Amino acid sequence: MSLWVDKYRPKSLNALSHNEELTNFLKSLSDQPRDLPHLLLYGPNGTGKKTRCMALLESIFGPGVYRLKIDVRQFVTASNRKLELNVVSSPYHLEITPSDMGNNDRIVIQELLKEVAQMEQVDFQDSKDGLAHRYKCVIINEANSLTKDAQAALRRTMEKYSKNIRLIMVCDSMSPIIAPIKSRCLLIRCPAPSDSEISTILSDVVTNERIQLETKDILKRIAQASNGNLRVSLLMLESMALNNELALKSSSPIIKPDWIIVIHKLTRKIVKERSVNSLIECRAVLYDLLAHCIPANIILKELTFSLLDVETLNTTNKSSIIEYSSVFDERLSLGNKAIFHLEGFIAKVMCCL
Amino acid sequence: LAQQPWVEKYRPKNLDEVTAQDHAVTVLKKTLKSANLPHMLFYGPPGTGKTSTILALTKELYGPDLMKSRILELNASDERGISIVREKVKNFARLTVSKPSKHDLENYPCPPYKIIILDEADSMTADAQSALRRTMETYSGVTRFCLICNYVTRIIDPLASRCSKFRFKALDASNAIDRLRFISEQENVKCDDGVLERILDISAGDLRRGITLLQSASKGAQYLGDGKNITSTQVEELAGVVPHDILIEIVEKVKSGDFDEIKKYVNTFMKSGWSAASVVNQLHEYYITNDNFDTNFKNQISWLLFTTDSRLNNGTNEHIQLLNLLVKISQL
Amino acid sequence: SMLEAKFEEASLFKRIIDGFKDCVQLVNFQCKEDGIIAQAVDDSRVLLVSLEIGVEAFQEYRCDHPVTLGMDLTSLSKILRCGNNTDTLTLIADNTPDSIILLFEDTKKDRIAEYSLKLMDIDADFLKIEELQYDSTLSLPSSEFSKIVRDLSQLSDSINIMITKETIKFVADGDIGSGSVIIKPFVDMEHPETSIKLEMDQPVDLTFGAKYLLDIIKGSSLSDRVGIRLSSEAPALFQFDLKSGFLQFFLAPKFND
Amino acid sequence: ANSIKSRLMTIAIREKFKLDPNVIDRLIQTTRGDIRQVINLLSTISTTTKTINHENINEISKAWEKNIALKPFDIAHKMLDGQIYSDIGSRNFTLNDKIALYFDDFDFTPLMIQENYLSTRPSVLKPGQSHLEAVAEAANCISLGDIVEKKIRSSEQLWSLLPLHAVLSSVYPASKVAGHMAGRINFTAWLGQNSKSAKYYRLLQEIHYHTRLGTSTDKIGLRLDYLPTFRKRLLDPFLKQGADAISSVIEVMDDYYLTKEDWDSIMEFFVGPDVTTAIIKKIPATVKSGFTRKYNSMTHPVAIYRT
Amino acid sequence: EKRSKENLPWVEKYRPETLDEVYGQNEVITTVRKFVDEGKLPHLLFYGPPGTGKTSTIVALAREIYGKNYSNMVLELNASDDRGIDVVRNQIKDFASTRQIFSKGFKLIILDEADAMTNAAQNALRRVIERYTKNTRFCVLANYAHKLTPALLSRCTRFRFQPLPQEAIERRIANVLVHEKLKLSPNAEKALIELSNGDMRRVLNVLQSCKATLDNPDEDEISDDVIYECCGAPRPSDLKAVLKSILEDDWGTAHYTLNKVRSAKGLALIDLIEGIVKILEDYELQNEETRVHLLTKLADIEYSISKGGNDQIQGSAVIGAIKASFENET
Amino acid sequence: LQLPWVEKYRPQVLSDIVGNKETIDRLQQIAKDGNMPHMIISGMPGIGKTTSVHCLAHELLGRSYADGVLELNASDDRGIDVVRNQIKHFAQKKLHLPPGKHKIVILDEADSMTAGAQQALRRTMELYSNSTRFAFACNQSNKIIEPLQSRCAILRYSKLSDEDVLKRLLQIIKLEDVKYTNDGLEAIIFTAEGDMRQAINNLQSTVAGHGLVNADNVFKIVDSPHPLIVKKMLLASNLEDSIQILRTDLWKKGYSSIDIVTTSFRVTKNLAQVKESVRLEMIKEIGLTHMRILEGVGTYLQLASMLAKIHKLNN
DNA sequence: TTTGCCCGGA
DNA sequence: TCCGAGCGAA
DNA sequence: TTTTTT
Ligand SMILES: Nc1ncnc2c1ncn2[C@@H]1O[C@H](COP(=O)(O)OP(=O)(O)OP(O)(O)=S)[C@@H](O)[C@H]1O
Ligand SMILES: Nc1ncnc2c1ncn2[C@@H]1O[C@H](COP(=O)(O)OP(=O)(O)OP(O)(O)=S)[C@@H](O)[C@H]1O
Ligand SMILES: Nc1ncnc2c1ncn2[C@@H]1O[C@H](COP(=O)(O)OP(=O)(O)OP(O)(O)=S)[C@@H](O)[C@H]1O
Ligand SMILES: Nc1nc2c(ncn2[C@@H]2O[C@H](COP(=O)(O)OP(=O)(O)O)[C@@H](O)[C@H]2O)c(=O)[nH]1
Ligand SMILES: [Mg+2]
Ligand SMILES: [Mg+2]
Ligand SMILES: [Mg+2]
């Protein structure tokens with residue numbers, strides 16, 4: 001679409017522009033795709049995993065994979081409650097995010113996916129006999145968000161119907177993927193681009209958009225502030241250009257998102273005042289962040305690594321902080337009410353300082 | 001042939017094709033003559049041959065034509081609540097066994113019972129498992145149950161008591177190299193000496209993973225189109241193993257002990273996407289088999305690695321857990 | 001096949017099955033050369049149904065050796081519904097069978113519909129439960145018994161039957177009050193079907209659960225008269241006569257609190 | 001007791017049993033001012049005991065004491081009182097009684113404790129333990145209690161852990177911070193905040209599946225990364241250019257299948273220095289009316305008909 | 001049933017048919033048999049661990065009381081049946097309050113696996129049990145008393161089925177050997193009894209597997225080697241070798257020894273942990289802290305193993321736990 | 001069959017009920033002089049609640065018992081519909097009784113009735129009290145809503161003491177010609193824990209088993225209450241003795257790990273001699289082990305570890 | 001000492 | 001177009 | 001959707 005992060009997204013394996021060895025591996029997979037195993041792409045956020053999944057699908061099935069439409073599918077729970085799932089589809093593949101339905105994601109696996117596996121499909125645009133002569137492809141986004149029951153429901157579908165269906169699962173971490181599912185997948189590591197690769201991409205955008213640029217070093221700064229997140233770097237470039245009248249300067253500052261600013265303020269507060277009253281104000285800040293769709297795990301990660309950057313703390317404080325972060329990150333994984341665990345972490349940190 | 005991923009293409013067809021589970025396969029093969037198959041509980045780690053074994057046994061017992069009428073297979077993809085157990089499963093267990101044809105009777109043992117396979121039974125609720133208990137006993141005359149699981153403690157004690165236990169062992173270079181080499185020869189994959197054993201070492205007990213790794217390596221070699229052998233470095237790259245140089249860098253940063261340096265190095269390291277579990281495994285191997293560290297250090301680090309691996313098993317943030325582990329090692 | 005039994009019209013068998021469907025779930029049919037007998041017992045083990053169909057109910061019948069077919073009544077009724085009341089219904093079974101074949105065939109066309117219902121391994125004896133000399137034996141039209149039962153069931157969960165010399169008394173006592181119907185024997189040579197007959201050696205007084213009687217009266221569709229046999233120590237026998245055989249309900253009375 | 005002394009004594013005269021007025025107060029305390037209950041007590045006791053006085057009032061009061069469940073604010077007040085956690089207080093108000101307090105209202109008690117456990121001046125602090133350290137211990141226990149709570153309401157339905165939950169969520173943290181209240185007992189804020197978060201996640205899902213055909217991200221990445229730039233393409237041009245930015249804003253909205261409702265929702269999401277309410281309130285009504293009029297004057301592409 | 005009883009699993013082929021074939025529960029059997037003899041049958045509760053003979057005993061009692069036609073004279077319900085409040089109020093209450101269809105006599109209701117019933121159904125049972133005692137008797141069977149209400153427990157006469165002692169298992173094994181024409185060595189019998197934990201089902205299942213594992217069961221003799229082979233379990237010698245290496249050798253040698261012993265027969269780690277715990281329980285330790293550390297750390301390792309995890313790391317954890325705990329011994 | 005002794009020797013008159021002397025005396029007074037109040041009888045299992053209400057009703061109403069008593073218990077439907085129709089109609093119905101007598105509604109096991117159903121009873125109780133009186137029996141009196149407690153006389157029964165149980169047992173023993181020794185009856189009382197039902201059941205069991213009621217014959221078939229064993233385990237001074245009790249008296253007798261852990265929780269809760277904060281720490285450890293067992297890891301090692309942690313605490 | 005969203009219906 | 005039921009479901 | 005009391 002119109003935003004630069006979308007306008008210039010590559011549409012084929014030939015148009016990819018970072019991590020050349022991974023590109024070669026993907027081309028090798030797409031060379032003879034009839035016995036392609038199920039795939040699991042993993043790597044840090046915003047590096048190009050979905051871009052590469054779409055490029056691989058294009059290499060296998062042609063450009064038609066980018067002609068997408070959305071459709072609403074209905075389901076009913078045992079309690080008779082109605083649920084809807086948005087499904088993205090091309091003529092050659094489906095894309096689902098079962099975690100959209102929360103703990104009911106299992107239903108999506110047990111009914112929708114299974115059905116796709118058991119049926120043949122018609123095709124009156126590529127097949128001479130009206131039937132599609134190819135396996136069906138299903139992309140499962142945010143696969144590490146599936147509950148253990150849904151992941152279990154995948155196991156035998158992947159084996160029994162391998163003739164008719166192939167799965168591509170995408171995740172930012174494999175830690176929550178159960179061992180049987182990883183056993184069934186070809187695991188593809190997708191590393192972040194280097195800062196030079198990011199600078200080259202950003203420079204290409206700067207040229208195609210006629211943005212005035214005092215020095216190339218600016219791009220490097222952006223590349224460094226994005227910590228390998230290419231989506232973040234492209235969006236930051238656009239925002240900086242918009243705020244500097246499409247003319248970036250060496251003095252032009254890096255724009256941080258609102259939630260990051262709030263979290264940094266919270267870090268300064270925790271460091272300055274360790275007391276019960278301060279903890280109550282912190283609870284208010286945490287509720288504000290959570291209510292506006294900042295996930296608890298993101299808050300914990302950002303707060304931990306903001307604290308560890310504070311110059312005034314000593315090694316003992318920092319080691320205590322990282323231990324507490326580990327403990328309460330596990331707590332967040334095992335529990336429901338996030339504010340409880342975030343408050344516990346902040347309280348222990350205040351005690352340690 | 002050319003349409004199957006190798007894991008499904010080379011699934012054992014009969015009991016003699018299961019490679020390293022003789023202690024259980026022998027018992028099962030004897031029932032082709034004794035015809036008194038007990039209720040079975042297959043348990044063991046992933047990709048060791050449990051599902052393959054039960055399928056091959058049913059084929060050997062009933063022949064291709066009579067199998068379908070003699071089997072009820074229910075797995076984690078199916079609804080298996082207490083109502084299902086009390087109605088569908090019970091009703092199937094109650095039925096008279098399908099009549100075998102004369103040809104079937106000539107060519108197969110045809111025991112006088114049917115089989116209910118509850119694959120992935122460790123995902124069933126305790127109450128549904130309880131509902132299975134008397135159904136298993138009352139209809140043993142015409143029905144035998146086979147529960148399959150990875151975590152035996154998830155099966156309630158009464159059901160474990162009713163079942164005859166078969167533990168499937170981990171598959172490693174010692175006991176699965178023959179099968180892996182057979183597959184490699186069938187597919188015409190050229191490898192250096194050591195590569196197949198290295199695959200099985202990396203797989204860490206899982207033959208499905210080893211076969212998939214072999215297929216990925218052969219795809220790479222065919223794409224390269226140079227006729228060279230697959231190397232161990234290539235296999236390790238495909239398997240997401242951290243290069244030895246990177247691991248040495250980590251070890252030296254830990255040796256230095258500077259918190260900020262470790263933090264910055266870990267932040268850079270995470271950008272490569274290395275799986276934290278593989279990193280922890282490699283650190284365990286490096287430290288526990290190192291003559292330069294003494295007994296107290298190794299005791300403490302063994303507990304540290306255990307704690308971090310346990311926390312990672314719960315689905316935690318890999319960056320946080322890895323940094324905590326490295327800081328703690330550095331302060332030993 | 002070993003067993004072949006053809007009903008001229010499937011409606012006969014459907015009505016017979018519907019005559020006792022609501023009381024029991026699993027039924028065991030024994031087919032022999034002289035016809036088909038069947039037994040079933042309700043879930044609470046308080047009611048037993050015994051059916052007899054003679055060879056005269058069938059257009060054609062053949063059973064080379066005795067055979068036992070256990071089945072669930074809901075599945076059987078579901079299948080019976082899939083066929084038409086007008087088609088000819090042939091029950092077919094083979095030696096040591098795993099299923100019973102229901103063959104719906106209409107002579108007008110060449111359309112055959114064959115259903116196979118898998119059988120259960122129901123191993124249970126029938127015991128031919130029938131006491132020799134019942135204390136009291138009575139008979140009356142089915143509609144009147146149905147009416148008495150339906151009226152008295154609105155008052156109490158239990159109904160008492162008292163037989164004494166030349167009098168039959170139904171009684172029900174409940175929360176809003178009580179009801180009592182007394183009938184006497186009577187022969188009407190103009191309309192024998194309305195007759196009420198009573199023979200009795202020992203007077204009897206027994207209590208029964210109302211819901212079971214409400215199920216039992218559903219047999220009235222199969223016969224104009226119902227016979228009732230009662231004894232101090234035995235289950236009560238409610239018999240509805242068919243053109244060829246019979247439908248019997250053996251209902252145990254309540255314990256005298 | 002004074003408002004009913006005459007009545008009770010008149011009853012004693014009429015029914016011919018000896019009531020000492022001095023014990024009536026205790027009777028009144030026994031039944032918590034329930035006049036029906038005090039009359040019932042006198043009726044029942046006088047059947048065989050024709051004198052109610054100081055020699056029997058104690059055991060009568062014990063036998064007939066009102067054991068009434070408390071309501072949530074009261075449960076929170078009593079659970080956080082420091083008296084019941086001292087040696088003598090614990091002897092008088094037992095651990096079983098505290099767990100019973102949890103069971104008086106087991107859907108609000110954990111929430112009430114978690115709401116109010118920071119709002120005390122504690123009297124139970126151990127020697128050398130500051131208020132903050134006690135609060136941290138309580139917070140740790142509350143987190144563990146949440147884990148237990150998750151297990152109780154799973155598919156396992158492990159109601160047998162309910163007593164454990166009572167200890168982990170309510171009794172133990174309260175025992176750590178019990179004392180006097182430094183203000184009023186407050187209703188839990190978690191319920192309303194959870195409702196608000198649910199609303200905003202619904203809105204985020206809607207915006208995500210409108211923009212799905214154009215972006216490459218999950219919904220979380222939409223909130224963290226995309227929306228800040230959408231704000232500069234959708235709102236800031238209004239500030240810098242009045243009604244001249246209408247067409248450009250409409251062009252972007254069309255590119256991403258966005259409605260006016262999506263515009264409002266998006267602007268609601270921002271926090272901290274990027275809050276928009278006051279900025280938009282300041283925009284002249286002319287610009288808003290022109291925006292709405294131009295938008296309603298044309299057709300707009302749709303991503304999902306009849307969601 | 002189908003074909004002969006020789007087609008049945010041994011756990012079902014050897015199910016006791018009469019009270020004289022129930023072993024190792026003599027006090028219970030004597031008491032209940034004389035209850036029947038004198039006509040004094042109270043409401044019974046059979047409480048005990050798996051495979052100790054509860055269902056066998058109650059069914060044998062019904063067979064003795066009612067003869068061969070018992071199955072149509074009792075109401076048997078278990079966890080495979082719905083037993084909600086509605087079932088209690090209709091099916092159970094109707095059977096309790098009504099005479100027998102087939103033969104005159106009192107009614108018997110058997111609630112097997114009663115720990116599977118809800119609180120509401122159990123409470124509904126209270127006055128059904130009390131009101132119809134004159135003509136009906138209830139028998140409740142359970143593995144877990146805590147899911148039974150206090151009111152239900154009060155109304156039943158309790159009988160605890162013990163884990164089967166050594167002598168009873170030995171006699172049952174002798175019967176099985178005679179019937180199967182099997183031979184069993186003394187050490188093999190000791191190993192079998194040790195691994196069964198007093199559960200007869202385990203004994204019979206293992207014995208059937210052992211017979212299947214012989215080449216010629218007529219001449220071949222079941223030795224302890226066969227038992228360990230079919231069970232995939234460690235030999236005691238392996239356990240002692242591992243423990244000695246852990247307690248006396250350096251880390252490299254102990255790691256090597258654990259890995260080599262495990263690789264020898266593909267032993268599981270949890271089995272080694274169980275065996276070593278059993279061995280260490282008999283140690284005399286100077287310091288209670290040694291026992292504390294051992295127990296807590298090994299329990300943590302067992303729990304982590306139950307969820308999967310990294311096997312190598314868990315083995316190293318075991319080695320380190322034992323070494324560190326024994327450091328306290330000084 | 002012959003009646004079990006528990007039912008054979010159920011009291012039929014109030015003077016045969018032992019224990020709770022003052023309350024039973026009040027009930028006899030009421031039965032003699034009529035004017036029965038609404039009443040709630042509460043207490044522990046098997047101490048004479050149902051017996052007392054039925055005896056009182058029988059003595060009050062004589063031959064009018066059949067028409068003048070409506071009994072409902074947990075085996076009956078008692079929803080809001082029943083309260084609003086059947087009970088209301090029974091309260092409204094005509095019935096001539098002698099002066100001082102009323103119709104009686106017995107609601108046994110009333111603690112299982114829903115709050116709404118209880119609310120529906122308030123005005124029926126108030127409006128028709130000149131002809132109908134209500135008797136509730138329950139185990140947990142706090143489950144009866146306060147408005148209903150307000151309209152009732154509160155009768156809380158206490159557990160039976162060793163002397164009351166001994167007296168009733170001696171009556172039955174003389175009636176049945178049972179041979180016994182003092183140690184045997186003391187063992188019966190010890191294992192009954194104040195529940196008369198259990199005392200009589202175990203007396204019958206011992207007599208049937210071994211004829212003579214002495215301590216050894218009693219303990220051959222009757223188990224010492226495992227809560228007391230668990231208490232002994234929790235109070236042991238050193239870890240080895242506590243583990244020895246766990247091993248010998250609980251684990252090798254066949255008690256399940258879940259039973260052991262839940263009993264440990266219940267007993268620790270009530271250990272009034274251990275300071276409350278220590279009990280809270282112990283409860284935390286017990287709950288950790290309980291959660292592990294519910295996951296399916298209920299082994300002897302887990303219970304031993306629980307004991308070790310409790311020992312670390314109490315040190 | 002009781003929140004936020006906002007049902008089904010008018 | 002207005003209103004808040006009932007539930008916590010982000 | 002609800003564990004225990006003395
Ligand atoms: N013992 C084995 N012999 C031969 N092939 C095996 C063996 N075990 C695993 N494999 C191979 O890996 C594939 C998977 O085997 P499975 O029997 O499905 O493993 P599994 O034990 O059922 O794994 P889980 O418990 O579902 S993760 C087979 O199709 C074979 O190709
Ligand atoms: N005391 C025993 N004597 C002889 N065989 C026994 C004995 N206990 C168990 N068995 C054997 O193990 C099998 C199962 O016995 P059951 O009586 O059904 O066990 P159970 O006590 O009911 O186990 P649960 O509580 O249902 S897990 C029997 O068929 C016998 O073969
Ligand atoms: N105080 C008592 N005096 C004599 N016998 C008693 C006494 N209490 C209980 N029993 C005996 O135990 C049996 C049961 O007594 P109940 O009155 O029904 O107990 P309960 O208090 O109603 O028990 P719950 O609350 O329903 S578990 C009686 O039939 C008597 O045989
Ligand atoms: N020029 C160029 N841009 C890329 C490449 N890979 C990713 N991108 C850009 O980076 C954006 C984020 O990539 P995405 O696949 O959504 O990240 P992920 O799925 O979270 O790993 C995309 O929208 C692209 O614009 C590449 O190889 N070359
Ligand atoms: Mg499998
Ligand atoms: Mg059993
Ligand atoms: Mg009672």
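Every chain is numbered from 1 and lettered A, B, ... according to where its sequence line falls, protein lines coming before strand lines. Every heavy atom of this structure was used, including side-chain atoms; hydrogens, water molecules and symmetry mates were not.
Seen from the ring of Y157(F), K49(F) does not count as a face-on cation partner, given the 6.0 Å and 45° thresholds. A cation-pi contact links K78(D) to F93(D), judged by a cut-off of 6.0 Å to the six-membered ring centre and 45° from its axis. For the pair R153(D) and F106(D), the cation sits on the ring face: its NZ or CZ lies under 6.0 Å from the ring centre, inside 45° of the axis.
Ring centroids of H292(A) and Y200(D) are separated by less than 6.0 Å, placing the two rings close together.
Taking 4.0 Å as the cut-off between side-chain N and carboxylate O, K337(A) and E149(D) do not count as a salt-bridged pair. In summary, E206(D) and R202(D) do not engage in a salt bridge, as defined by a charged side-chain N under 4.0 Å from a carboxylate O. No salt bridge links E156(D) with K151(D); every basic N to acidic carboxylate O contact stays at or beyond 4.0 Å. Residues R223(D) and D258(A) are paired through a salt bridge, judged by an N-O separation under 4.0 Å between the basic side chain and the carboxylate. With respect to the salt-bridge test (charged N to carboxylate O, under 4.0 angstrom), the residues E146(F) and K66(D) qualify.
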Set out, line by line, the N/O atom pairs under 3.5 Å between protein and nucleotides 8-10 of chain H.
from, atom 1, to, atom 2, distance (Å)
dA10(H), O3', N194(D), O, 3.3
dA10(H), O3', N194(D), OD1, 2.6
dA10(H), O3', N194(D), ND2, 2.8

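On the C1' atoms, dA10(H) is 16 Å away from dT3(G), given to the nearest whole Å. The gap from the P atom of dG8(H) to that of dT2(G) amounts to 22 Å, rounded to the nearest Å. As rounded to the nearest Å, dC3(H) and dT5(I) have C1' atoms that lie 47 Å from one another. Of the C1' atoms belonging to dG4(H) and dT4(I), the separation is 39 Å, rounded to the nearest Å. Comparing the same atom, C1', in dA9(H) and in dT1(G) gives a spacing of 28 Å after rounding to whole Å.
When heavy atoms are screened at a 4.0 angstrom cut-off, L162(D) is found touching the sugar-phosphate backbone but no base atom. The residue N139(F) sits close to a base: some heavy atom pair falls under 4.0 Å. Residue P227(F) is out of contact with every strand shown, counting any heavy-atom pair closer than 4.0 Å.
Across residues 62-80 of chain D, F73(D), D74(D) each have a non-hydrogen atom less than 4.0 Å from an atom of DNA chain G (numbered order).
Sequence order on DNA chain I of the closest nucleotides to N96(D) and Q157(D) puts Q157(D) first from the 5' end. In terms of position on DNA chain I, the residue among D97(D) and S160(D) whose nearest nucleotide sits closer to the 5' end is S160(D).
Inspection of the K260(D) and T292(D) side chains reveals an N or O donor paired with an N or O acceptor under 3.5 Å. Using a 3.5 Å distance cut-off with no hydrogens or angles, the side chains of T77(A) and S79(A) do pair a donor with an acceptor.
Within the structure, every side-chain polar atom (N or O) of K199(D) is placed at least 4.0 Å from both OP1 and OP2 of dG4(G).
Pucker annotation for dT1(G) reads south, on the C2'-endo side, since its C1'-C2'-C3'-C4' dihedral is below zero.
Nucleotides of DNA chain I that come within less than 4.0 Å of any heavy atom of chain F span, from the 5' end to the 3' end, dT3(I) to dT6(I).
A distance of 4.0 Å separates SG in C141(D) from NZ in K284(F), rounded to the nearest 0.5 Å.
Distance CZ (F187(D)) to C1' (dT3(G)): 6 Å, rounded to an integer number of Å.
As the counterpart of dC7(G), no nucleotide is assigned, since no Watson-Crick or G-U wobble pattern has both distances under 3.5 Å.
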